[PDB]
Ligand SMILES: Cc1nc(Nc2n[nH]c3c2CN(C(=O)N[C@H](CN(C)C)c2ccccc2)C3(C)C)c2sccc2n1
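Just one chain is shown here, as structure tokens, and it is the form deposited without the ligand.
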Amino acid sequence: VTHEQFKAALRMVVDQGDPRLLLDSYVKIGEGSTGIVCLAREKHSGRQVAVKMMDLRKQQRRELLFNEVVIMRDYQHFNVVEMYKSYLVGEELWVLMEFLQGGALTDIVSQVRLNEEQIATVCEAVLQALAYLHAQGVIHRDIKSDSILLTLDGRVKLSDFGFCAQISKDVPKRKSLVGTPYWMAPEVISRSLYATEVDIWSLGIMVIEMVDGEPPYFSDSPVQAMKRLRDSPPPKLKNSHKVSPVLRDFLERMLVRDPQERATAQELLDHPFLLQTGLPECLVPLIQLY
């Protein structure tokens, strides 16, 4: 797919309009090998946005940018980092995103072992996002601690939709090997037909991150880890002694090989473990420390 064909594809799906007339008060806050990020203000609402300005001539895996724009433009949820607009601006794609300042969950969970109230607070938020996305037929496919972003006031939001997919009556299952090795569901690794259940497995691995500090098999090569995950009974907590019977049960609903037996996001929202959910404030001191 040439640069010219990709622009043509994007032209069909992006918002109309030219953000060079619509935004102001730009401040460069980031840069990468394929673009920059600027904070800016939307003129009539005053809203602050983070504008990813992607040089499509340098960008690779351009199909992922297309898929995220096409899929996520029409979904919104309080626990999902919102994509307000996307625009084709000459040779670049500008994507206007909700701006958050509390870092990523990994910043904290790499350093500290969350208590069960904190774990419940995080899981309840991610599960509200997933229950909404799954009901829409969206599969995230890259759930892991660093896909979870936080606000300074302790709100928990899901981000990093690069690998997302949309299922439909017509195409009800995916079979692509996508995601991040240590968090991939066994059926993804085996390239079986799969649907929204894979995000629940990944969430289970994230719970292990929260309790233990790292996912299973983390010292193995990513290829070796995938082989063990593909073949083996589900991985267990290293710190199993730490965890309440109710949290053990919650985790055991997630890390289930048989995707039909595995819990759905809605089942997990209804689980007694989430009776332990705290106020956003329960994360705020940690977010400030890390």
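Throughout, rigid core stands for the largest set of C-alpha atoms superposing within 1.5 Å between the two forms. One rule holds for the numbers: they count along the sequence shown, beginning at 1.
Taking only CA atoms, the mean B-factor in the PDB entry is higher for 274 to 282 than for the other of 274 to 282 and 15 to 23.
Per the PDB record, 150 has a higher Cα B-factor than any other of 80, 150, 96, 93.
Residue 117 sits in the middle third of its chain by CA B factor, as recorded in the PDB entry. Ranked against the other modelled residues of its chain, the C-alpha B-factor of residue 174 as given in the entry falls in the middle third. In this PDB entry, the Cα temperature factor of residue 60 sits in the bottom third of its chain's modelled residues, the lowest group. In this PDB entry, the Cα temperature factor of residue 124 sits in the bottom third of its chain's modelled residues, the lowest group. Among the modelled residues of its chain, residue 192 has a C-alpha B-factor that falls in the lowest third, as given in the PDB entry.
The same protein has a further form, the form solved in complex with the ligand, not shown here; the description that follows concerns it.
Here the marked residues 121, 125 and 263 all miss the ligand in the deposited bound form; none has a heavy atom within 4.5 angstroms.
Screening 69, 37, 56, 40 for any heavy atom within 4.5 Å of the ligand in the deposited bound form leaves a single hit, 37. Note on contacts: among 187, 197, 98, 92, the single residue with a heavy atom within 4.5 Å of the ligand in the deposited bound form is 98. Remark: of stretches 25 to 33, 255 to 263, 217 to 225, 240 to 248, the one touching the ligand in the deposited bound form is 25 to 33 (heavy atom within 4.5 Å). Residue contact with the ligand in the deposited bound form: residue 146 places a heavy atom within 4.5 Å of it. The ligand in the deposited bound form comes within 4.5 Å of no heavy atom belonging to residue 79. Residue 154 falls outside the set of residues with a heavy atom inside 4.5 Å of the ligand in the deposited bound form. The ligand is not shown here, and in the deposited bound form it never comes within 4.5 Å of any heavy atom of residue 116. Although the ligand is not shown here, in the deposited bound form the stretch 155 to 185 places heavy atoms of 159, 160 within 4.5 Å of it, in sequence order. Only one of 177, 135, 152, 89 has its C-alpha shifted by 2 Å or more between this form and the one not shown once the core is superposed, and that residue is 89. Taking the rigid core as fixed, one finds a CA shift for residue 52 of 2 Å or more between this form and the one not shown. Residue 223: CA moves less than 2 Å between this form and the one not shown after rigid-core fitting. Core-superposed comparison between this form and the one not shown: the Cα of residue 35 travels 2 Å or more. One change in the deposited bound form concerns residue 132 and residue 47, whose Cα atoms lie at least 3 Å farther apart than in this form. Compared with the form shown here, the Cα atoms of residue 33 and residue 148 sit 3 Å or more closer together in the deposited bound form.
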